[PDB]
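Working notes, beginning with the structure itself.
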Amino acid sequence: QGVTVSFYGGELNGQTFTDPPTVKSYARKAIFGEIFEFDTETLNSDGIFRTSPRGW
Amino acid sequence: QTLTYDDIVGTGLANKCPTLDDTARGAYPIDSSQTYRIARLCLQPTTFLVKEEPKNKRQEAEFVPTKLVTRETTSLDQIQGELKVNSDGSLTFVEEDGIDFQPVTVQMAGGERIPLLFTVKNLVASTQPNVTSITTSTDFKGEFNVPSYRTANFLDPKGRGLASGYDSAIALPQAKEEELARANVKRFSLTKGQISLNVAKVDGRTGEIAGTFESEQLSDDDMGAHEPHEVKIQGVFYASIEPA
Amino acid sequence: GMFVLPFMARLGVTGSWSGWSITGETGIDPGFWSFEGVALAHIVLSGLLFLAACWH
Amino acid sequence: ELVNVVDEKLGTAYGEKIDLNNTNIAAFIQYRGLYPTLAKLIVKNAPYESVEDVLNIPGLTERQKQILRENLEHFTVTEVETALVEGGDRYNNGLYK
Amino acid sequence: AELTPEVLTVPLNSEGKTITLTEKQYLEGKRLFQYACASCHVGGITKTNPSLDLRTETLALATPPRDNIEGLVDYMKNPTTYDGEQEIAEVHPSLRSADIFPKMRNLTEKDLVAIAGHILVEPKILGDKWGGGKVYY
Amino acid sequence: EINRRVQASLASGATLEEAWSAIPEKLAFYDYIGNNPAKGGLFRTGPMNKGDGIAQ
Ligand code: CLA
Ligand code: CLA
Ligand code: HEC
Ligand SMILES: CC1=C(/C=C/C(C)=C/C=C/C(C)=C/C=C/C=C(C)/C=C/C=C(C)/C=C/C2=C(C)CCCC2(C)C)C(C)(C)CCC1
Ligand SMILES: CCCCCCCS[C@@H]1O[C@H](CO)[C@@H](O)[C@H](O)[C@H]1O
Ligand SMILES: CCCCCCCS[C@@H]1O[C@H](CO)[C@@H](O)[C@H](O)[C@H]1O
Ligand SMILES: CCCCCCCS[C@@H]1O[C@H](CO)[C@@H](O)[C@H](O)[C@H]1O
Ligand SMILES: CCCCCCCS[C@@H]1O[C@H](CO)[C@@H](O)[C@H](O)[C@H]1O
Ligand SMILES: [Ca+2]
Ligand SMILES: [Ca+2]
C-alpha cells in the first residue's frame, strides 16, 4: 500500500519516513496513542507497562 | 527369503541400507552409448561428528563424537536420478527426488543439542574420468544444497516467523527494538554441502553397489538466530544402477 | 571458584554422566562414579544417617 | 541490516500479480482456465526470465496458449525466493481456509 | 428480514434467464445438500480440497461456468476439474458414478435442481460465511 | 482536546507543523496508553518509569 509516515510537532517535526520497517515501527507505537522518546537505560527498564499510584 | 513389512516392523531394519555379500567384488560395465539411472540410492549414517567452537584461533578445532537422541530416523532412501556418461568417461549422478533429507538432533558432551537437516538435496556427484566399469576403485564426489532446517512458516515460541507470525516481541511492548532484531527478523539459510562416496562392493550382474560415505554440511541456525555448527556425517550407502 | 570438584578429581573422579571429563576428553564413560554419582551417593548416605540418628 | 525477505517481496510485483517464479499454486484459481492443468505445468517449468516465456512450455496445446496469452496481464516474474519455493510450499504453503 | 421470492430468484443459465424457487424447493435443497454433499461441503467450503469453494464468484470462473442452475446440474451429472479439462466422476459424487457413490442413486432430476438452487441461494443469505470457513463462523 | 486545538490553529491560518507544534508536550503525554492506570500487572513492581522508561 506504500504507507508512509510524516511527523508534525515534537522532535521529528517536518520529517517523513518511507522505508517499510521504520513506518511499521511508528505504526506499532501509534496503537499506544501519541509517541514519545524514552530513556530505558537509567533504570534498566524492561518495556512492560506498570500502573500508576492511582491504580495501586 | 524375502522379508515383509511385518517381518521388519519395529526391528530397526527399516532404517538400514541393503548390504552386499563379501563375494561382491565385481565390475559393472558402462556402455557409453547407453543411458543409465540410479533406481535407488540409500544413505545410512553411522556417526555424526560436530566441529567444536574453540576460543583460540591458533588452536585447530576438531570434530568430536556425539550422541544421537532422535532414534532410528536418520537414513536417506528411495533416491533416484540420472546417471550420465560424460564425454571423458566419467559418470555424474544427478539427484532427482526421493526421501533425501532427515532432521537429526545429536548431543555433545555436556548436553548441547545440535539439530541438522541431514541431506543430499539436489546432489550432483561425479566419478573420475574413463570409468569403463564401476569397480571397488570407483568413487563419487559432489555437492548438494542445505536449505534452512525449519521452513518459512515455522513460528518460534513467542509466535514470530518469516512467512507467518509476529514481527516483534509483543510481550515487551515498549522495549527498544535494535537489540532484538536478530531474534525478530527471521532469515532463511541456503548453503552447500560436500559428499564423497567410496564404492566397496559391486555385484556386476545386478548393477548393485555399496560402500562408505562421508559428507560435510552446516547444522541448524534457528532461522538466523545463531551461528550453525559444522557437521561431518559418516556411514554406509547402497545404490542400484539400471539401464534407463 | 570450585572447591569440592578438585577433591573428587584428586582421587580419580574425573568425568560427568553428561560425557565430558576435566582433562578435556569427549565421549568418555565414567560409569556410576561420575561427579554426579558421588554427589548422589553422599545425599543418600545423609538420609540413611539421618534415619539412624532418629533410631538411636 | 536484517530484512524479512517475504515482506520485502510484497513491495515488488509479487504483491500485485501471480509471480510465475514464486507464487503458490492456489493463486491460479483467480482466473478462468488456469487451474489445475496449466497451473501445474507453470510451476513445474519455472523459473522464467520473462512472463512471455510461459508460452514456450513444451507440449502446450493451441487452446492452452490462447488461455495463457489472455492471462499474461495477470502474471509477473521476479527472482526466485528460496523462502517461498523450498519445502514444496508452491504446492502447499500451509494455508487452507 | 424474510426469505422473499427475490432472494429465491437465481440464474437458470448463462444467457440471463432466471428461475424463482419455491420455499419448499429451498427446504428440499437444504435437506438434499446435507444428505449428499455437506460431509465435504459444509458451509460452502470443500474439506478434501479447501482451495475450491462453492462461492458464486468462484463458480462463475469455473469452466464451463457453474454459477447457474444448468451448470450445477451438469456438474452433479458429470463433474470436472475447475478448468473443465478432466472428468472426475471417479472421485466425486455424481449420477454418472452412482454405482460407487450410492447416495447419488436415488437423486432425481428434480432433486438436482433443488441442490443447485441451495448452492446459489445460500450465499445470498449468508454472504461471506458461505465458503468462508472458520474465520467467519 | 488535542484535535480541537489543532483545528482551531488551522482555522486561524497556521500551517500543519505550526498547529501540532503548538500542542503542549504535557497534553500529548496524557494521550498515551502507558499512562493509563489499567495497563499494569499485580507483580510488575515499582514506578511506571521502570516499564516503558523515563519519558524524554
Ligand atoms: C562411605 C565412604 C565414603 C567415600 C568412599 C567418600 C569419598 C569421597 N568423599 Mg565423602 N564423606 C563420607 C563418606 C565417604 N566419602 C562421610 C561419612 C562424610 C561425613 C563425615 C563425608 C563428608 C565429605 C565431605 C565434607 C567431603 C567429602 C569428599 C569426598 C571425596 C574426596 C575424599 C577426600 O579427599 O578425603 C580426604 C580424607 C582424609 C584426608 C582423611 C584424613 C584422616 C585423618 C588424618 C585421620 C586421623 C585419625 C586417625 C585415626 C589416626 C590414626 C591412623 C592410623 C592409620 C595411624 C571422595 C569422593 C569431598 C568432596 O569432594 O565432596 C563432594 C568433600 O569435601 N566427603
Ligand atoms: C496502601 C498501601 C500502599 C500502596 C497502594 C502503595 C503504592 C506504591 N508503593 Mg508503597 N509501601 C507501603 C504501602 C503502599 N504503597 C508500605 C506499608 C511500605 C513499607 C513496606 C511501602 C514501601 C514502598 C517501597 C520501598 C516502594 C514502594 C513503591 C510503591 C509504588 C509501587 C507499588 C508496587 O510495586 O507494589 C507491588 C504490589 C504487590 C507485588 C502486591 C503484593 C501482594 C501480597 C504479596 C499478597 C500477600 C497474600 C497473603 C500472603 C495471602 C494470605 C492468605 C491467608 C489468609 C490464607 C506504588 C505507588 C515503590 C516505588 O516506586 O517508590 C518510589 C517502592 O520502591 N512502597
Ligand atoms: C467429498 C468426498 C465431496 C463430496 C461428498 C462432494 N464433493 Fe463437491 N467437491 C469435492 C472436491 C474434492 C472438489 C474439487 C474437485 C476438483 O479437483 O476440482 C469439489 C468441487 C465441487 C464443485 C465445483 C466447485 C467450484 O468452485 O467450481 C461443485 C459445484 C461441487 N463440488 C458440488 C457438489 C455437490 C452438489 C455435492 C453433493 C451432491 C458434492 N459436491 C459432494 C468434494 C466433495
Ligand atoms: C559397603 C560399600 C559401600 C559403602 C556403604 C555404606 C557407607 C553404607 C552405609 C549404610 C548406612 C548408613 C545404613 C544406615 C541405615 C539406617 C537405618 C536402617 C535406619 C533405620 C531407622 C529407623 C527404623 C527409625 C525409625 C523411627 C523413625 C524414623 C522416627 C521415630 C520412630 C523410629 C525411631 C521408630 C560403597 C557405597 C562405598 C560401595 C562399596 C560397598
Ligand atoms: C526507526 C525504528 C526505530 C525508531 C522508532 C521506533 C519507535 S520509537 C522508539 O521506541 C522505543 C520503545 O518505545 C523507545 O524506547 C525509544 O525511545 C523510541 O525512540
Ligand atoms: C544425583 C542426580 C543429579 C542429576 C544429574 C543431572 C544430569 S548431569 C549434568 O548434565 C548436564 C546436561 O547434559 C551437564 O551440562 C552437566 O555438566 C551435568 O552435570
Ligand atoms: C541408585 C542408582 C544406581 C544406578 C546404577 C547404575 C550403574 S551403571 C554401570 O555401572 C558400572 C559400575 O560403575 C559401570 O562400569 C558401567 O559402565 C555402568 O553402565
Ligand atoms: C536416583 C536415580 C538416578 C539414577 C541415575 C543413574 C545414572 S547411571 C549412568 O548414566 C550414564 C549415562 O547418562 C552412563 O554413562 C553410566 O555408565 C551410568 O552408570
Ligand atoms: Ca536491559
Ligand atoms: Ca573402494
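Read-outs throughout are calculated quantities, based only on the coordinates presented, and are distinct from any laboratory measurement. All Cβ positions, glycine included, derive from the backbone under ideal geometry; neighbour counts span all protein chains shown.
For first residues located in segment F:30-42 and at the interface with chain A (Cβ under 7 Å from one of its Cβ atoms), partners that are among the acidic types (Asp, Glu) and lie 6+ apart or on another chain with Cβ distances below 7 Å form the pairs F:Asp31/A:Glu34; F:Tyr32/A:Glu34; F:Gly34/F:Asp52.
I need a count of the residues in segment B:151-189 that are of a type in the set (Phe, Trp, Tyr) and either within 16 Å of ligand 5 (Cβ to nearest atom) or within 14 Å of chain A (Cβ to nearest Cβ) (or both). Final tally of qualifying residues: 1. Assessment of segment B:100-107 against the conditions (hydrophobic (A, V, I, L, M, F, W, C) and within 14 Å of chain C (Cβ to nearest Cβ)) yields at least one matching residue. The residue pairs whose first member lies in segment D:22-50 and is more than 13 Å from D:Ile67 (Cα to Cα) and touching a residue at least 40 places away in the same chain (Cβ under 8 Å), whose second member is part of a helix (DSSP H, G or I) and of a type in the set (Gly, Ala, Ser), and whose beta carbons are closer than 9 Å, counting only pairs six or more residues apart or on different chains, are D:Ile25/D:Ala39; D:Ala26/D:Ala39.
A Cβ distance below 6 Å, combined with a sequence gap of six or more or placement on separate chains, defines the contacts here; from segment E:73-84, residues that are away from chain D (no Cβ under 14 Å) reach residues that are crowded, with 20+ Cβ neighbours inside 10 Å and part of a helix (DSSP H, G or I) in the pairs E:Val73/E:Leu112; E:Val73/E:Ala116; E:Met76/E:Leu112. For segment B:32-56, the set of residues classified as part of a loop (DSSP other than H, G, I, E, B) and in contact (Cβ under 8 Å) with a residue 12 or more places away in the chain consists of B:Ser32, B:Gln34, B:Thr35, B:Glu52, B:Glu53, listed by residue number. Residues in segment C:9-53 that are more than 13 Å from ligand 8 (Cβ to nearest atom), over 23 Å from B:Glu112 (Cβ atoms) and hydrophobic (A, V, I, L, M, F, W, C): C:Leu11, C:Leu45, C:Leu48, C:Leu49, C:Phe50, C:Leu51, C:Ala52, C:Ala53.
Here D:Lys65, D:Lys9 are screened, and the one residue that is free of Cβ contacts under 8 Å to residues at least 12 places away in the same chain and in a helix (DSSP H, G or I) is D:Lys65. Scanning segment E:89-103 for residues that are within 12 Å of chain D (Cβ to nearest Cβ), over 14 Å from the mean Cα position of the chain (by Cα) and surrounded by 14 or more Cβ atoms within 10 Å (Cβ to Cβ) turns up nothing. When we screen C:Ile43, C:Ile28 for residues that are more than 16 Å from ligand 9 (Cβ to nearest atom), over 24 Å from B:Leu68 (Cα atoms) and β-branched (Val, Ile, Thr), the only hit is C:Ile43. With respect to D:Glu79, determine if the residue is exposed (fewer than 15 other Cβ atoms within 10 Å of the Cβ), in contact (Cβ under 8 Å) with a residue 40 or more places away in the chain and either assigned to a helix (DSSP H, G or I) or more than 16 Å from ligand 9 (Cβ to nearest atom) (or both). Here the answer is yes, as D:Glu79 does meet what is asked.
Check segment A:21-29 and report whether any residue there is touching a residue at least 24 places away in the same chain (Cβ under 8 Å), out of contact with any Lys or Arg (no Cβ under 9 Å at 6 or more places or on another chain) and part of a loop (DSSP other than H, G, I, E, B). No - not one qualifying residue is present in segment A:21-29. Does F:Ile23 qualify as being within 21 Å of A:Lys29 (Cα to Cα), in contact (Cβ under 8 Å) with a residue 12 or more places away in the chain and either among the basic types (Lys, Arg) or more than 7 Å from chain A (Cβ to nearest Cβ) (or both)? For F:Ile23, the condition - within 21 Å of A:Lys29 (Cα to Cα), in contact (Cβ under 8 Å) with a residue 12 or more places away in the chain and either among the basic types (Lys, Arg) or more than 7 Å from chain A (Cβ to nearest Cβ) (or both) - is not met. Exactly one residue out of A:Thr4, A:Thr51 is surrounded by 12 or more Cβ atoms within 10 Å (Cβ to Cβ), more than 7 Å from every other protein chain (Cβ to nearest Cβ), more than 12 Å from ligand 5 (Cβ to nearest atom) and more than 11 Å from the chain's Cα centre (by Cα): that is A:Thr4.
This table checks each residue for (1) crowded, with 18+ Cβ neighbours inside 10 Å; (2) outside any helix (DSSP H, G or I).
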position	(1), (2)
E:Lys47	no, yes
E:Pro50	no, yes
E:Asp67	yes, yes
E:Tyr75	yes, no
E:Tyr82	yes, yes
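How do the pairs read when you match residues in segment C:5-33 that are touching a residue at least 12 places away in the same chain (Cβ under 8 Å) with residues anywhere that are more than 16 Å from ligand 4 (Cβ to nearest atom) and part of a strand (DSSP E or B), using Cβ under 6 Å and keeping only pairs 6 or more apart or on different chains? Filtered contacts from segment C:5-33: C:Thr14/C:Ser21; C:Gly15/C:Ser21; C:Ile28/C:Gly15; C:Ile28/C:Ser21; C:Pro30/C:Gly15. For segment C:15-26, state whether one or more residues are β-branched (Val, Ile, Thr) and either assigned to a helix (DSSP H, G or I) or within 15 Å of ligand 7 (Cβ to nearest atom) (or both). No: segment C:15-26 contains no residue that is β-branched (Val, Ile, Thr) and either assigned to a helix (DSSP H, G or I) or within 15 Å of ligand 7 (Cβ to nearest atom) (or both).
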